[PDB]
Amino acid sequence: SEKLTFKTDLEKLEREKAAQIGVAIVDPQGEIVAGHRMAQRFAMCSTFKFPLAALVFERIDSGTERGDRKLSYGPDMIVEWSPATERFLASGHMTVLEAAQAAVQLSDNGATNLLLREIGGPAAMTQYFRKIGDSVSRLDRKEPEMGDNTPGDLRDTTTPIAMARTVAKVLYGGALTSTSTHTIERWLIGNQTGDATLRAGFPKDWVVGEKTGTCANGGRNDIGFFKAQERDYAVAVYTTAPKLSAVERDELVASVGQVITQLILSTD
């Protein structure tokens, strides 16, 4: 059984790395391909920035937001890990689209907060999840405190299956116009923060786009999509490994990518 091998190999990683590994792989309609701890809650950390960009694109599509609108700010908006926001600070603004692209591709925290200050805060992010049929994911705080990942805390959490289904809805389920869908996919493919994580464990000819997270208490996450030949999949990986070094956590997620690959290749 290929799925048994998948389970066994993930459990071996968990045992040997003292880790918990949550995975869900779904088809474009949200049908389950495979998973592990798929309905256990994990901190979303920065992975929520992909749904945040989807919310922004939905508003742009609808006309309730404009991509070129300038969002002014001062140094009050700079928080830890805000590389683009810092570079644009002297100019005094970033556009909605600039901020969204920095949030997705650099995991820029200041840019994320700038967009949260606009779209209606964590309450509004959570309402977007509900609107697209995700009753599980919840944002309660802004960056970087939303990544505190206190054990057992249900604030700022999702489950692998809820998030994978949200990704599928956004990319394949008609949440966005064809243009906006294509754009967000290109942003995920061109992500600058994921070279050592999930995509490092996939075949080099798969088209892969993803959004990473790194948070306190050993959280290391990666969500997105992959196309294996003509077959599209949405995937969410959430891991907790407090005893591993940062480099080892990257390698753990890459290893999960390999386990996913073995399953997909072996099931034809």
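Numbers for residues come from their place in the sequence shown, where the first is 1.
Of the two segments examined, 136-144 and 115-123, it is 115-123 that shows the higher average Cα temperature factor in the deposited entry. Taking the PDB entry as given, 147-155 carries the higher mean Cα B factor of the two stretches 147-155 and 86-94. Among 204, 231, 37, 220, the highest C-alpha B-factor recorded in the PDB entry belongs to 231. Which of 243, 41, 49, 59 has the largest Cα B-factor in the deposited entry comes down to 243. Sort the modelled residues of the chain by CA B factor and residue 109 lands in the middle third. In the deposited entry, the Cα temperature factor of residue 186 sits in the bottom third of values across the chain's modelled residues. For residue 166, the recorded CA temperature factor ranks within the middle third of the chain's modelled residues. Looking at the C-alpha B-factors along this chain, the one for residue 179 belongs to the highest third.
Residue 236: CA B factor in the lowest third of modelled residues in this chain (values from the PDB entry).
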